[PDB]
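Derivation of every value follows stated rules applied to the coordinates shown; laboratory data play no part. Reconstructed Cβ throughout: ideal geometry from the backbone, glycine too, with neighbour counts over all protein chains shown.
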Amino acid sequence: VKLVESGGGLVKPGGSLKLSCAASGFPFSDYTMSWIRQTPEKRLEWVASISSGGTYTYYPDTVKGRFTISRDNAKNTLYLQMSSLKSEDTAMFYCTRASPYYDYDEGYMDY
Amino acid sequence: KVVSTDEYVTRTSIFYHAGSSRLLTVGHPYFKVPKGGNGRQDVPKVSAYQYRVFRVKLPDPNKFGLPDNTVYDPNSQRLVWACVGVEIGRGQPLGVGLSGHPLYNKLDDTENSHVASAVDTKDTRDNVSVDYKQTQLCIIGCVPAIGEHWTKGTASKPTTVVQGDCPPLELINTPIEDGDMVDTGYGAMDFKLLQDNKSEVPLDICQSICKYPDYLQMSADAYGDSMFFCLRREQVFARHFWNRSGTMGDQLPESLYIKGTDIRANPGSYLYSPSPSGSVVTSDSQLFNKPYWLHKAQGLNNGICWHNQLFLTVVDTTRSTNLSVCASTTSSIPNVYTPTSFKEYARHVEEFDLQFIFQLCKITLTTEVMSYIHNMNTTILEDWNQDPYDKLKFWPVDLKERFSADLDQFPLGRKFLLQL
Amino acid sequence: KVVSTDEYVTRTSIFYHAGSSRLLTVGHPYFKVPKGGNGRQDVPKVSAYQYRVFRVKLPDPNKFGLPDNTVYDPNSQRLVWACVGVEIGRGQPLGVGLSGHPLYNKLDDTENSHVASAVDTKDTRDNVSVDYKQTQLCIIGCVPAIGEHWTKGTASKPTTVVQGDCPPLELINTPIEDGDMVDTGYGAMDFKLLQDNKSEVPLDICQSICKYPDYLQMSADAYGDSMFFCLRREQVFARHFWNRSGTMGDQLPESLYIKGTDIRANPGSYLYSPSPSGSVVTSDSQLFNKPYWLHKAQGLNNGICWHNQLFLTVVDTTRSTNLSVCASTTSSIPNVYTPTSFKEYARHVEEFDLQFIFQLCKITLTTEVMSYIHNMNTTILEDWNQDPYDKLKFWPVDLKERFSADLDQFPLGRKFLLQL
C-alpha cells in the first residue's frame, strides 16, 4: 500500500498552495481520507478529513476558512487546497487513511 | 432444415390407455435426516417445492405382439408411440405449509416498524418462517426439461480479485431432475455457492439450487423434443419487508442521500429482501386432476415418444401442508405437559396418479426420411433396424405392462372416448 | 391532410420471421456502482422499474437480394418492411422486489398509530423499504415513444422569487430511452429537480426521472408513427400512511380547524404521502410471452417500419425479485457467524427474447404519392432513390442477419402459420 504526498514547495505568506497525495494498494474510493500535519516543534495536529465520496468534509476551527480538502476517486488522489496561509501553518503535511465507508468514521489513521 | 413430424409420421386409430397406480412419497420437508442403522432407515427430503420428474418407460411397439401385421409391415415401416392425452392426479388436500430458518438474516423491519431498532453488533439473526411463492407447472416431453439458474460464474479474467468481492453471476441451463428445488420467491440461483452466510433463505434452499424452466430456450428448440406441452401458473406477493445484516459490499453513492448533522454517520443497511407469499390456494385456480388433450404441439415434435419413453415434469405447491407428529419420551405419558417429555417431528407427503392416452403410429422408412431420422438421432435407427439419462435422477414409471386397449375401462379412457 | 398507409402501400404474401437470441443484463437494482479499475468492470443500474427500449434494425428490403425481380421492379416501386406479428419473451420467474432508503422522510404513522408520536427536532428519518406499483406496458412503433413527466418549470415572469418557495410545475414530453424510470407509485416527475431533500422517495428514483407514456399525445399523433400497438396494465394500492418532516411551505388556513386550549399549538405535519404497493403478481394477469398480431393500427401508419427500423418500449415489473449474493471476508469462514465477516451485494437480472413476423410491401412511387411521402419525411425518399436518434440511448438489436422465410422453423412462425 502506498500513500505518497507531493506538491508543491515553500511559498510566500498570504498565498495559495495545493497539496496532492497518490494512493495505491487499496480501494481509494472506499475509505475516508484525512490530512494530519506535524509542526516544526514536532507536535501532531489534525488538519482535515473528507468522506469516501468528496461530499462531506470537516476541519478544525483554526483552519475553517483557509483550507479545502478534496479528492478525485477516479484518479485515486487526495488534495488539500490551502490559501492565504500564515506563518503559524508551517508544517510537515501527512496524508492519512481513516475508516472505510461501511464504518462510522472512527478517526484512527492506520496508514 | 427440421421438418414437422406430421409429414413423416402417419397416425392410426389404435389407441391405448396407460396409467400408474397411486404413487406416494413421505419424508422430511426441509432436509434429508440421516439415522444410523442398519444403513439406512433414513427419511428423504420430500418437499412440496420440489420438481417431480417422472421417467415413463413405454413398451416397444415394434416388439409389441398385440397388433396384427395388417397395421404395418416390418419391411419399410416402424412403430412409435405418440402421446395424446394426459391426466395428472394429485391426492392430498389443499393446504399451505411453512419453510423457515432459526438463524434467518433479518436485521430491521422496514415496513413501517415503530417498535424499535436493532443494533448490528451482536448476533441479530431471528427465527423466521415463511410460506413460499405458489407455483403449479407441468411439462411433457421425450427429453428431460431444461431449466435455468444463476451460479457463481468462473473468474472474469485471469485476474486476482480480492476476497469478499461479489463473484460473477452466470446463467446456466441444466436438465431438471426429480428432487430439484423450484423457484420459491427468492430467485432461481445457487444459494449454496452464492451465499456463504448459510442464513439468507430458509433451510429448504439455503444449501440447494432453485431452477426455473427455460421456456424461452425449450420453445426456440429446433426439434421441440424438450417440451411439447407446458402449463404454468404462479403467484406471489411481498408479505413482510426486512433488512439484511452484514457489511454492504457496494458503497451507497453519496449523491443519493444527505447524511444529516452527524456528518460521520454510517448509513444503515440498504439491502432489502421481502418475505414471499403465495396468497390464497383455491381449487378454482387448480391445474391438475384435469384431462389434457394434446392435438397440436408447440414444437415440430407433436407428442411422439422417441425411444418409447416420456418425461413428465410437474410442480404443485398447492398441497404444501406439513404433518406434525409427536411422540412422548416416557413409555406412557404422565398427565403433565413439559416440552422435554415430547419429541416433535415434521413429515411431508406427496401423492400422484399419472394417466395417459397413447396413439400407435407408423413411419415409412423412405430415403430422404430415415436419413433425416439419422441426422436427428442415430440411436433411433440403432434401436430399431447405454443411456445418456441414467446420469440424472428420475422417478421411474414402468408402463410396459400397463398398456390397455379397452379405453372405456378407465376414467381418462372414457373422457377420451368423449372426443369422437 | 394525412392519408392512411393502406391506400398507397400494397402488401404481399412474402413473410419473414426475425428474432434476437436471449438478451440478458445483470446489475445493481438501485444505482450504478463504480469500481476503480482497469476502467471499467462496474455493475450498471438494472432495475425492474426501468424502461426497456429496443431499437430493432431491419435489413434494407431494396438492398435485400433474396427475392427475385418478379416481386417488384426497382423503376417506379420501392420496398419497405411492415410489422405483422410480435412476441416479447420474458425469462426469469415471477417475483416481487423491494426498493428502499436508509434515510427515508417518515415522520409519523398517520394511519392508525397508537404507539407514539415522533419529535421533529432531530433527524427523524427512518430506514424504509417499499414494493413499487405494478406496471406492464408495451409500445411498438418506428419512432421512439413519447413520455411525459413533471419538472421544475422556468420562472413565470422576469420575477425574483424567494429561495424556499414552491417552484412552478411544468409538464414536459421527452422521447423514452432505454433505462428511464417508470412511474412507481410516487408520480411521474423529476425527483432530482423537485426534491432537494434527497429523502422523499427510495434510492431507485430519488435522483432520477419517472416517465409515463403520453398515450393521449401519441394517440392524437397525425401519422401514428410513435405508437401503432399499445398494451398497458397497471395496479397499485396504499399500504401505509405516513407524515413528512420539514417546515410546511403552505400555511394551513385557520378556517379549517380549531386550535384547542393551547392557543400556541403548532399544527402538525399535514403533508401525507402513502407507501405504494403492487399487490399480488400472478401469471393470470401476465401480459408477455404471448403472440400479438397487428392487423389494424391505432394510427394511420399501419405498422410500416420506415427507414427499416422498429422501436419497442416495454416495462415489466412482475419479475422484480432481487438476488442477494454475499461473500465472506475471511478466505474460508470460521464456523462462527459475525455480521462483520460477510459482504452483502444485491444484484438484479433481466431476460428477454424478442420475436417478430414482418411482411414485405410495395410502394408505387407515383406523383401525389412520393410528394406526400416528401411532406411526411424527406429522408424517406432521400434514403431511397446522419441520424437524430443516436443522441438517445437505446438497446440495439440487429436483425439484418436473422431474417428467415422458413416460418415453420420458429415458434412465432408456427403460431403465425395458424393464421392462413
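Of all alpha-carbon pairs in segment C:305-376, indicate the percentage at a distance above 15 angstrom. Please list the in-between numbers first.
Values: 1953 of 2556 pairs.
Cα-Cα pairs of segment C:305-376 separated by over 15 Å account for 76 percent.
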Among C:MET218, C:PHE416, B:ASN173 - extreme Cα towards positive end, dipole of the protein assembly as shown, charges at beta-carbon: B:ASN173
Estimated distance in nm for a label pair at B:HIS240 and C:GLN235, the labels positioned 7 Å out from Cα along Cα-to-Cβ: 2.4
For segment C:248-350: span of alpha carbons on each principal axis (Å, largest first): 72, 64, 32
Where N is the number of residues in segment B:1-45, Cα Rg divided by 2.2 N^0.38 Å: 2.42
Given charges at Cβ of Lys, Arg, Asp, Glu: chain B dipole, positive-most of B:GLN386, B:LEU94, B:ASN243: B:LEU94
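Give the calculated FRET efficiency between C:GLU368 and C:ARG11 to the nearest 0.05, with a Förster radius of 30 Å applied to their Cβ-Cβ distance. Let's see the in-between values first.
Details: r = 20 Å, r/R0 = 0.66.
Result of the calculation: an efficiency of 0.90.
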Alpha carbon centroid spacing (whole Å) that separates segment C:265-282 from segment B:48-98: 56
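With the Cα gyration tensor of chain B in hand, give its eigenvalues times 5 under a square root as the equivalent ellipsoid semi-axes, listed largest first in whole angstrom.
Values: eigenvalues 462, 162, 72 Å².
Equivalent ellipsoid of chain B: 48, 28, 19 Å, largest first.
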Tail fraction, Cα-Cα pairs, chain A, threshold 22 Å, whole percent: 26
Neighbour-count ranking [beta-carbon atoms within 10 angstrom, fewest first] of B:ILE14, C:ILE146: B:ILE14, C:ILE146
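Please give the charge dipole size of segment B:105-242, origin at the Cα centre, charges +1 on K and R Cβ atoms and -1 on D and E Cβ atoms. Round to the nearest 20 debye. Kindly include the intermediate steps, with their values, before the conclusion.
Numbers: 12 positive and 22 negative charges, 17 e Å.
Here the size comes out at about 80 debye.
When the convex hull of the C-alpha atoms of segment B:121-226 is computed, what volume per residue in Å³ does it have?
Values: hull volume 13.4 nm³, N = 106.
Per residue, the Cα convex hull of segment B:121-226 comes to 127 Å³.
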At most 12 other Cβ within 10 Å, DSSP loop - trypsin sites (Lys or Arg not before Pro), segment A:1-81: A:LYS42, A:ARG43, A:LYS64
Dipole magnitude of the protein assembly as shown, debye to nearest 20 (Cβ charges: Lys/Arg +1, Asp/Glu -1, about Cα centre): 980
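Cα-based Rg of the protein assembly as shown per 2.2 N^0.38 Å, rounded to two decimals? Mind showing how you got there, number by number?
Working: Rg = 33.4 Å, N = 951, 2.2 N^0.38 = 29.8 Å.
Rounded to two decimals, the normalised Rg is 1.12.
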Residues of segment B:303-327 with amide N under 20 Å of a point placed 7 Å along Cα→Cβ from B:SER283: B:316-322
Cβ-derived FRET efficiency at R0 41 Å, C:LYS122 paired with A:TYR94, nearest 0.05: 0.70
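Loop-only check: which trypsin sites (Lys or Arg not before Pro) in segment C:293-344 are DSSP coil with at most 13 other Cβ within 10 angstrom?
Here the sparse-neighbourhood loop sites are C:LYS296.
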C:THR330/B:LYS192 FRET efficiency (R0 22 Å; Cβ-Cβ; nearest 0.05): 0.75
Residue-span extension gain [C:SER255 to C:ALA155] - 0.36 nm each, minus C-alpha spacing: 32.9 nm
